[PDB]
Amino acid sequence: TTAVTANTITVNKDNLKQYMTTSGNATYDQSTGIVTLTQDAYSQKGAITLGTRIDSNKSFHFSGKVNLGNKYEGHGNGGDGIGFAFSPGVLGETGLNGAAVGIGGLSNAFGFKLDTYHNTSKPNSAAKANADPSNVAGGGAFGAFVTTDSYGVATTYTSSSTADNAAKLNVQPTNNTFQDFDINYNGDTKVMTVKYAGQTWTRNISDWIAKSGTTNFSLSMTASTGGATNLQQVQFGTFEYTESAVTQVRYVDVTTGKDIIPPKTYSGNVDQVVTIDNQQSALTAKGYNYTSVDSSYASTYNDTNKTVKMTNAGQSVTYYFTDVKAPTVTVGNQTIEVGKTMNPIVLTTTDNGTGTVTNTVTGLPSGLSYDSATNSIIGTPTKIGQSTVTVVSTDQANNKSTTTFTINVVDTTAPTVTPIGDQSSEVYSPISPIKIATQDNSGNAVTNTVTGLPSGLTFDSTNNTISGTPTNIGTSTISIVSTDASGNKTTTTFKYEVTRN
């Protein structure tokens, strides 16, 4: 087996903390997926960043909701807004507070902002942002693409097309409600489509990607307040992307080719050297011994130091282990009744491994068999006695155990006897012989003894009949005791009346 070197991941509210990191004033509510980036208070800054580089040769997609606040330019003291930034620089870094709207401060980056505070006059040098454009001045929050230069200075993107020009929001933030927000990037066309509360911005971003000097990016979502404020929040929702600059590490059963424990993904910046873990002690605890390392999908791997060096493309290292623990069968001793269909004895087996376990069974009583399909001893035992049953349990790695238990086939069921009706016949007349018919679960001989016979009548053990000529008028109770080989007994009776002619 071989896995992909770069996964296509979806970040959701439950795995968010596995893939992303909050910083500054940001907090997170896992039950709702709500990242609160700032509260409605002065001088706040909060961010969330994705801990793996995104490959822009593949599609990526944020689908969620955003609360931009409840006041904005010309309608309350609202700011600063929320920035969604894609940076060619290192993971974990965020843009600046203020007019930079979380994008200014990052070099050669691009992104999209929702901007509630119109910075009409030129921000100072330290703000790393040009003024907001005239075409969105005069009232209302607006949305826009943003790009930065090599000094980290943000320019709000404007154009002569309504497709991607900076534009006032159709749905203004008046009441702290969450609106639908979507950033969709198509890795085939390089077109980024941003949608906020039904309003769309669309642009081919091939040029900004080329200007950034790379095809793999660090994603941040950052909001701030200064003297102007707002509750600013992003709700997950989901973020889908394909990894760049990762190494996959798998822990694989050499016999089956299956993952023994979950694989691990290490992330870094391009050229970052990262130590990976072969998890030997965890595999040992699971009954596995180290076998080898295959690093053919990670040419940067150094087995002495256990390091890889991240590249744009994903790498993969596989550690192989061998299952060195035999399976266990637990089966207690059994007592079953001869000539009855037994309820199955399930040969309950457990094993530490990833493959198939095969049981082979010997020493079964006659009539019993091992059913593979149900892993059970089934059948009807035909013979009294005790057997030692041996079960040899073999896993796919050829670890073997053998277990024995006893099956005692017993007879505790008494014979059954066809009923004989009460009889009547004339004194001194020979009778039609009365047949005594028995059956038993042992399938073996039932022996009968008979008492209480009218005088002149005889029981014959050879063919189990009563016959003869009765010589006394009167009434008899004939008593038959039927015994199997095990000593189980049945008493059957009937009345015999000897009459006058």
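When you see a residue number, it is the position in the sequence shown, counting from 1.
Set 278 to 286 against 188 to 196 and average the Cα temperature factors; 278 to 286 ends up higher. Averaged over CA atoms, B-factors in the entry run higher in 379 to 387 than in the other of 379 to 387 and 205 to 213. Among 90, 298, 364, 223, the highest C-alpha B-factor recorded in the PDB entry belongs to 364. In the deposited coordinates, the residue among 56, 441, 67, 464 with the greatest CA B-factor is 441. Ranked by C-alpha B-factor against the other modelled residues of its chain, residue 51 falls in the lowest third. Ranked against the other modelled residues of its chain, the C-alpha B-factor of residue 294 as given in the entry falls in the middle third. Sort the modelled residues of the chain by CA B factor and residue 339 lands in the highest third. Remark: residue 457 belongs to the middle third of its chain, ranked by C-alpha B-factor as recorded. Per-chain ranking of the deposited C-alpha B factor places residue 309 in the middle third.
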